[PDB]
């Protein structure tokens, strides 16, 4: 039927990356919330004030906490957004109909919370970051990420239009990758993975690896999708999300 989709962006991005998908879900009758996480999009915070992934997720937690009784949402997380999903699902699991991991980090419950990030780090040669800028800052020593135009063009948006890449160049902002996701909370939610097959930021092989590691309830494959499937495969993506809405409810 009709769901409430809560869309959670990835590193260096913001609510704006869902600007093509949201109207599509809304024309399907759904309610759609596309948050800015902390120090993302036009959030007024700067990355230097964020100490943890939990603090980065604050707007998501705040929004879920405000949800009235009976209201349940389908979380949709992109890239690093998948970790925001795990954080949110472990605090407000009673409010989550399902979580969708769009080419995202899917943590598990048997390994430590950062396992998929550590493993992603270990499989990723530093050359792959291209012109991405890594700096350090202090709060209370934290490494910041800032994607450069080459990385955006060559590893994230390579199958997107020039207006998509230019938009990201105009909006991306510094981010950061910064103990256990519980079986009772996060572990209990239905999870859906959307594989993006031409992804060069999180390669399909890593995406398949995470599914192997912690199998979700449904796996969709988006052929021809780079990492920003919501911009190049928006229509197909909305059709998967409708299938999800129809499956996970009453």
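Numbering follows the first chain given and starts at 1.
- The entry models residue 178 and residue 179 with a gap of 4 to 9 deposited residues left without coordinates.
- Where residue 140 is followed by residue 141 in the displayed chain, the model omits 1 to 3 of the deposited residues that sit between the two.
- Here 128-136 and 102-110 are compared by their mean Cα B-factor, and 128-136 comes out higher.
- Checked against the record, the higher mean CA B factor of 143-151 and 73-81 lies with 143-151.
- If you compare the C-alpha temperature factors of 67, 195, 192, 34 in the entry, 67 comes out highest.
- The PDB entry assigns residue 28 a C-alpha temperature factor belonging to the highest third of its chain's modelled residues.
- Ranked within its chain, residue 208 lands in the middle third, by CA B factor from the PDB record.
- Among all modelled residues in its chain, residue 43 ranks in the middle third by Cα B-factor.
- For residue 218, the recorded CA B-factor ranks within the lowest third of the chain. Only modelled residues enter the ranking.
- When the modelled residues of the chain are ordered by their C-alpha B factor, residue 61 lands in the lowest third.
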